[PDB]
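*Asks:* I'm passing along protein06.pdb; it holds PDB, C-alpha atoms.
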```pdb
ATOM      1  CA  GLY A 125       0.000   0.000   0.000  1.00  0.00           C
ATOM      2  CA  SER A 126       1.774   3.093  -1.305  1.00  0.00           C
ATOM      3  CA  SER A 127       1.451   5.719  -4.037  1.00  0.00           C
ATOM      4  CA  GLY A 128       2.477   9.232  -5.032  1.00  0.00           C
ATOM      5  CA  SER A 129       5.133  10.824  -7.228  1.00  0.00           C
ATOM      6  CA  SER A 130       6.179  13.972  -9.091  1.00  0.00           C
ATOM      7  CA  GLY A 131       7.047  14.442 -12.752  1.00  0.00           C
ATOM      8  CA  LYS A 132       5.849  15.318 -16.246  1.00  0.00           C
ATOM      9  CA  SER A 133       4.902  13.495 -19.449  1.00  0.00           C
ATOM     10  CA  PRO A 134       7.033  14.823 -22.336  1.00  0.00           C
ATOM     11  CA  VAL A 135       6.245  14.234 -26.011  1.00  0.00           C
ATOM     12  CA  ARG A 136       9.458  12.219 -26.285  1.00  0.00           C
ATOM     13  CA  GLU A 137      11.238   9.919 -23.833  1.00  0.00           C
ATOM     14  CA  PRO A 138      14.824   8.582 -23.750  1.00  0.00           C
ATOM     15  CA  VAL A 139      16.025   5.008 -23.251  1.00  0.00           C
ATOM     16  CA  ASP A 140      15.623   5.346 -19.487  1.00  0.00           C
ATOM     17  CA  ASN A 141      13.633   3.182 -17.071  1.00  0.00           C
ATOM     18  CA  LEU A 142       9.886   3.746 -16.734  1.00  0.00           C
ATOM     19  CA  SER A 143       9.028   7.079 -15.116  1.00  0.00           C
ATOM     20  CA  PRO A 144       6.554   7.624 -12.247  1.00  0.00           C
ATOM     21  CA  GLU A 145       4.468   9.375 -14.903  1.00  0.00           C
ATOM     22  CA  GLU A 146       4.903   7.015 -17.854  1.00  0.00           C
ATOM     23  CA  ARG A 147       3.506   4.240 -15.658  1.00  0.00           C
ATOM     24  CA  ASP A 148       0.053   5.825 -15.861  1.00  0.00           C
ATOM     25  CA  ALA A 149       0.336   6.278 -19.627  1.00  0.00           C
ATOM     26  CA  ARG A 150       0.591   2.513 -20.104  1.00  0.00           C
ATOM     27  CA  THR A 151      -2.499   2.008 -17.942  1.00  0.00           C
ATOM     28  CA  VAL A 152      -6.031   1.132 -19.048  1.00  0.00           C
ATOM     29  CA  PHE A 153      -9.293   1.644 -17.163  1.00  0.00           C
ATOM     30  CA  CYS A 154     -11.961  -1.070 -17.185  1.00  0.00           C
ATOM     31  CA  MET A 155     -15.506  -1.189 -15.814  1.00  0.00           C
ATOM     32  CA  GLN A 156     -18.735  -3.199 -15.748  1.00  0.00           C
ATOM     33  CA  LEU A 157     -16.903  -6.225 -14.348  1.00  0.00           C
ATOM     34  CA  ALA A 158     -18.640  -9.468 -13.386  1.00  0.00           C
ATOM     35  CA  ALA A 159     -19.620 -10.392  -9.830  1.00  0.00           C
ATOM     36  CA  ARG A 160     -17.212 -13.325  -9.583  1.00  0.00           C
ATOM     37  CA  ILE A 161     -14.461 -12.152 -11.934  1.00  0.00           C
ATOM     38  CA  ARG A 162     -10.738 -12.754 -11.443  1.00  0.00           C
ATOM     39  CA  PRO A 163      -7.515 -11.009 -12.547  1.00  0.00           C
ATOM     40  CA  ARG A 164      -6.725 -13.870 -14.924  1.00  0.00           C
ATOM     41  CA  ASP A 165     -10.054 -13.525 -16.732  1.00  0.00           C
ATOM     42  CA  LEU A 166      -8.944 -10.025 -17.725  1.00  0.00           C
ATOM     43  CA  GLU A 167      -5.256 -10.845 -18.169  1.00  0.00           C
ATOM     44  CA  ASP A 168      -5.848 -13.468 -20.860  1.00  0.00           C
ATOM     45  CA  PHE A 169      -8.848 -11.571 -22.226  1.00  0.00           C
ATOM     46  CA  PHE A 170      -6.440  -8.680 -22.785  1.00  0.00           C
ATOM     47  CA  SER A 171      -3.664 -10.968 -24.025  1.00  0.00           C
ATOM     48  CA  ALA A 172      -5.343 -10.717 -27.428  1.00  0.00           C
ATOM     49  CA  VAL A 173      -4.046  -7.172 -27.890  1.00  0.00           C
ATOM     50  CA  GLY A 174      -1.137  -7.075 -25.460  1.00  0.00           C
ATOM     51  CA  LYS A 175       0.582  -8.852 -22.579  1.00  0.00           C
ATOM     52  CA  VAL A 176      -0.521  -7.879 -19.071  1.00  0.00           C
ATOM     53  CA  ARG A 177       1.933  -7.397 -16.208  1.00  0.00           C
ATOM     54  CA  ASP A 178      -0.415  -6.369 -13.397  1.00  0.00           C
ATOM     55  CA  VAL A 179      -4.144  -5.941 -12.777  1.00  0.00           C
ATOM     56  CA  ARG A 180      -5.543  -3.839  -9.934  1.00  0.00           C
ATOM     57  CA  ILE A 181      -9.208  -4.667  -9.336  1.00  0.00           C
ATOM     58  CA  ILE A 182     -11.310  -2.352  -7.173  1.00  0.00           C
ATOM     59  CA  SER A 183     -13.850  -4.066  -4.921  1.00  0.00           C
ATOM     60  CA  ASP A 184     -14.255  -1.477  -2.164  1.00  0.00           C
ATOM     61  CA  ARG A 185     -17.514   0.366  -2.831  1.00  0.00           C
ATOM     62  CA  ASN A 186     -16.486   3.978  -3.443  1.00  0.00           C
ATOM     63  CA  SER A 187     -19.700   5.382  -4.915  1.00  0.00           C
ATOM     64  CA  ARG A 188     -23.313   4.366  -4.295  1.00  0.00           C
ATOM     65  CA  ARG A 189     -23.588   3.135  -7.884  1.00  0.00           C
ATOM     66  CA  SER A 190     -22.815  -0.590  -7.855  1.00  0.00           C
ATOM     67  CA  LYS A 191     -20.016  -0.615 -10.431  1.00  0.00           C
ATOM     68  CA  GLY A 192     -16.780  -2.572 -10.711  1.00  0.00           C
ATOM     69  CA  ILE A 193     -13.737  -0.661 -11.932  1.00  0.00           C
ATOM     70  CA  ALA A 194     -10.367  -2.276 -12.633  1.00  0.00           C
ATOM     71  CA  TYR A 195      -6.933  -1.268 -13.922  1.00  0.00           C
ATOM     72  CA  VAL A 196      -4.748  -3.207 -16.358  1.00  0.00           C
ATOM     73  CA  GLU A 197      -1.185  -2.390 -17.409  1.00  0.00           C
ATOM     74  CA  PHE A 198      -0.149  -3.143 -20.991  1.00  0.00           C
ATOM     75  CA  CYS A 199       3.328  -3.744 -22.414  1.00  0.00           C
ATOM     76  CA  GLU A 200       2.940  -0.508 -24.375  1.00  0.00           C
ATOM     77  CA  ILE A 201       0.587   2.449 -24.797  1.00  0.00           C
ATOM     78  CA  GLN A 202       0.058   1.563 -28.457  1.00  0.00           C
ATOM     79  CA  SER A 203      -1.752  -1.569 -27.279  1.00  0.00           C
ATOM     80  CA  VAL A 204      -4.271   0.421 -25.240  1.00  0.00           C
ATOM     81  CA  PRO A 205      -6.137   1.548 -28.385  1.00  0.00           C
ATOM     82  CA  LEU A 206      -7.071  -2.043 -29.225  1.00  0.00           C
ATOM     83  CA  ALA A 207      -8.224  -2.736 -25.668  1.00  0.00           C
ATOM     84  CA  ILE A 208     -10.509   0.302 -25.764  1.00  0.00           C
ATOM     85  CA  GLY A 209     -12.413  -1.147 -28.703  1.00  0.00           C
ATOM     86  CA  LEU A 210     -13.058  -4.384 -26.828  1.00  0.00           C
ATOM     87  CA  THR A 211     -15.585  -2.245 -24.955  1.00  0.00           C
ATOM     88  CA  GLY A 212     -18.632  -4.480 -25.263  1.00  0.00           C
ATOM     89  CA  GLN A 213     -17.090  -7.947 -25.179  1.00  0.00           C
ATOM     90  CA  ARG A 214     -19.243 -10.427 -23.260  1.00  0.00           C
ATOM     91  CA  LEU A 215     -16.949 -11.411 -20.389  1.00  0.00           C
ATOM     92  CA  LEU A 216     -18.208 -14.174 -18.098  1.00  0.00           C
ATOM     93  CA  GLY A 217     -21.746 -13.415 -19.232  1.00  0.00           C
ATOM     94  CA  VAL A 218     -21.365  -9.703 -18.533  1.00  0.00           C
ATOM     95  CA  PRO A 219     -19.905  -7.268 -21.100  1.00  0.00           C
ATOM     96  CA  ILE A 220     -16.741  -5.377 -20.165  1.00  0.00           C
ATOM     97  CA  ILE A 221     -15.898  -1.692 -20.566  1.00  0.00           C
ATOM     98  CA  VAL A 222     -12.547  -0.291 -21.695  1.00  0.00           C
ATOM     99  CA  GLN A 223     -11.433   3.340 -21.856  1.00  0.00           C
ATOM    100  CA  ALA A 224      -8.207   5.350 -21.726  1.00  0.00           C
ATOM    101  CA  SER A 225      -7.487   5.915 -18.033  1.00  0.00           C
ATOM    102  CA  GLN A 226      -5.682   9.104 -19.047  1.00  0.00           C
ATOM    103  CA  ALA A 227      -8.650  10.429 -21.023  1.00  0.00           C
ATOM    104  CA  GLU A 228     -10.654  10.896 -17.825  1.00  0.00           C
ATOM    105  CA  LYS A 229      -7.518  12.467 -16.350  1.00  0.00           C
ATOM    106  CA  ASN A 230      -6.562  15.013 -19.011  1.00  0.00           C
ATOM    107  CA  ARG A 231     -10.082  16.377 -18.534  1.00  0.00           C
ATOM    108  CA  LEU A 232      -9.854  16.828 -14.763  1.00  0.00           C
ATOM    109  CA  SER A 233      -6.738  18.951 -15.260  1.00  0.00           C
ATOM    110  CA  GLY A 234      -6.798  22.262 -17.107  1.00  0.00           C
ATOM    111  CA  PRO A 235      -6.657  22.365 -20.923  1.00  0.00           C
ATOM    112  CA  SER A 236      -2.926  22.960 -20.474  1.00  0.00           C
ATOM    113  CA  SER A 237      -0.307  20.350 -19.584  1.00  0.00           C
ATOM    114  CA  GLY A 238      -0.939  18.287 -16.466  1.00  0.00           C
TER     115      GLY A 238
END
```
With the file now loaded, output its structure as C-alpha cells.
*Replies:*
Amino acid sequence: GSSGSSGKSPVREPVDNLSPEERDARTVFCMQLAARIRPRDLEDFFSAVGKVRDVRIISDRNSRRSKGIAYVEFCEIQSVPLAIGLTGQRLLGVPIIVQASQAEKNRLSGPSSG
C-alpha cells in the first residue's frame, strides 16, 4: 500500500527506465466487471491485444452506484487503443468496458499540460 510521485509526461522519452508518470500512460481503465471475476479472466482476455503485467481490481464500494472498476497495465501504450475497442465484449456473461485511463484524467486537469 503506497502511491504518489512527481514528474511530467514529455512528447518524447529517452532510453531510461519507466518514469513515475509514464507508468500511468501505459495504464487502461476497465468497468462493468462481473460479480465473480478474477484477474486472470482479464489478463488473458487482454492478451489478445497485449501482454498484461499487473491488474488492480477495485472491490471497495467507493460510490453508491454498484459498479466494478479495474486497472490493467499493458506492455505498451500503443496496445491500449485495441483494448478500448473491446468495450462491449461479453466477459463471463457480462460485457466489459474499456477506456483510456488518461482520457478521464486530461479532462480533470486544465486544458494545459498536467
*Asks:* Within 12 Å of residue 217 (chain A), counting only C-alpha atoms, which residues show up once you throw out same-chain ones fewer than 2 positions away? Write them as number ranges by chain, please.
*Replies:* A: 156-161, 165, 212-215, 219-220
*Asks:* Between CA of residue 200 (chain A) and CA of residue 233 (chain A), measure the distance and give it in Å to one decimal.
*Replies:*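 Taking CA of residue 200 (chain A) as the start and CA of residue 233 (chain A) as the end point, the length is 23.6 Å.
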*Asks:* Just checking: using only C-alpha atoms, which residue out of A:181, A:166, A:222, A:232 ends up closest to residue 153 (chain A)?
*Replies:*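 Checking each candidate against residue 153 (chain A), we get A:222 as the closest.
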*Asks:* Neighbours of residue 149 (chain A) within 12 Å (all atoms listed in the file; same-chain residues fewer than 6 positions away dropped), as a list in words?
*Replies:*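 That gives residues 132, 133, 134, 135, 142, 143, 195, 196, 197, 198, 199, 200, 201, 202, 203, 204, 205, 224, 225, 226, 227, 229 and 230 of chain A.
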*Asks:* Could you name the residues that touch residue 128 (chain A) at 12 Å or less, counting all atoms listed in the file, but leaving out those on the same chain fewer than 5 positions away, as a PyMOL selection string?
*Replies:* chain A and resi 144-145+147-148
*Asks:* Taking all atoms listed in the file into account, name the residue in A:231, A:136, A:175, A:191 that is nearest to residue 154 (chain A).
*Replies:*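 Ranked by minimum distance to residue 154 (chain A), first place goes to A:191.
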